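One chain comes next, on its own, written out as structure tokens in the form deposited in one PDB entry.
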């Protein structure tokens, strides 16, 4: 009732078995030693998304250390109305279990009620040993734009090279892995795949109203929940959702093998 009884490798597997209610389900990906709970989004078209990040009201402090970001934090709820981070370890187990690739959907919401998506095909989070590196093959489309591709903020020509995210390792204030002498995780106060910071950073500080400024932080860090290709760096989203689905769920190709 509070936890549904259908299980599988992920939510798509669960939706396939006939599950049709979004809520909490246990899943045990392939190389997982033990099953764990996850929130599955299931729509009419039989698409079963496994949700791994959710922001919707700034009640959960996203300035957690490495272990926390690894294990997870926040709270799962049958209504999908709580903020959380499933945990790097779990995001890695799910994303790399088989030969079947996943697609990542970033879903964003305005303080004006406007939503936008951004898909990334062939998404994977590497193992801890490689600091949970993020990788995708390509941007599959979406009206939010491909901020993971870096952005030219105008502050420096090398901007796009330094604000891209594909290939970045995960960083937390206590485990810095950015292409920088400083610490993007500590100064922003979050855990993310930081470059010489970021163009899309859904784990930033939640600013009510969306609009924030250089005066909100002592050093004018643009540390809100941003997606530079959709909204300015000084506009923090109302809601974000990061979730994955087997790629096949998403015709001009000839299959050789």
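Positions refer to the first chain, counted from 1.
FYI, the form solved in complex with a partner chain isn't displayed, but the following is about it.
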* Report yes if any heavy atom of residue 176 sits within 4.5 Å of a heavy atom of its partner chain in the bound PDB entry; otherwise report no. => no
* Flag residue 109 as yes or no: does it have a non-hydrogen atom within 4.5 angstroms of any non-hydrogen atom of its partner chain in the bound PDB entry? => no
* Verify the contact flag for residue 187: yes if a non-hydrogen atom of it lies within 4.5 Å of a non-hydrogen atom of its partner chain in the bound PDB entry, no if not. => yes
* Asked: Heavy atoms within 4.5 Å of its partner chain in the bound PDB entry: does residue 199 have any?
  -> yes
